[PDB]
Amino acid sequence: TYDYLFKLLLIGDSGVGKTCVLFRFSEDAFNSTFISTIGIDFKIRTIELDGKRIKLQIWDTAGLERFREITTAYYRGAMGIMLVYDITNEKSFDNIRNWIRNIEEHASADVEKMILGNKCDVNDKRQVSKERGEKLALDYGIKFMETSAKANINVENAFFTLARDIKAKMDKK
């Protein structure tokens, strides 16, 4: 079983790679087919940290506006949130500010947040340099990583870092 249950949430524009990032984390695989998420889904993975068993319940939101009411319901319980954009889609990067506003409206003020610039394997269509993602995260005081579900870059690192940071804050209380 486990010692802690961490509820995580993936948010961001439709098509940025939220489901594929989660599929890489839970199944260590990637497929190029786009199957847009209908409302919400979740996956479970249990990890070991500093002697404790951590059950991660990871909620995967649909990015399209028609699912707003469905996805809004999951901000309240969230202990960590991944804000995902697509490095080949500057509009999805600009929309990170809107996703942050939704976190501030509906999530706890102490929620752990991390920005993921996904699809970093697609440099031939890049629209956002990594420095711009780092600066956005810095201004919000949160961590940033460029990830690739396809090339298996920083997906494990992102989730373990978020869980470590949640555990560290919790342990200190």
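One rule holds for the numbers: they count along the sequence shown, beginning at 1.
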| item | value |
| --- | --- |
| Mean C-alpha B-factor comparison - 152 to 160 and 10 to 18, higher one | 152 to 160 |
| Comparing 118 to 126 with 104 to 112, the one whose average Cα B-factor in the PDB entry is higher | 104 to 112 |
| Position of residue 70 among the chain's modelled residues by C-alpha B-factor, lowest, middle or highest third | highest |
| Residue 78, C-alpha B-factor rank within chain (lowest, middle or highest third) | highest |
| Relative C-alpha B-factor of residue 54, binned into the chain's lowest, middle or highest third | highest |
| Ranked C-alpha temperature factor of residue 40 among modelled chain residues, by third | middle |
| Chain thirds of CA B-factor: placement of residue 139 | middle |
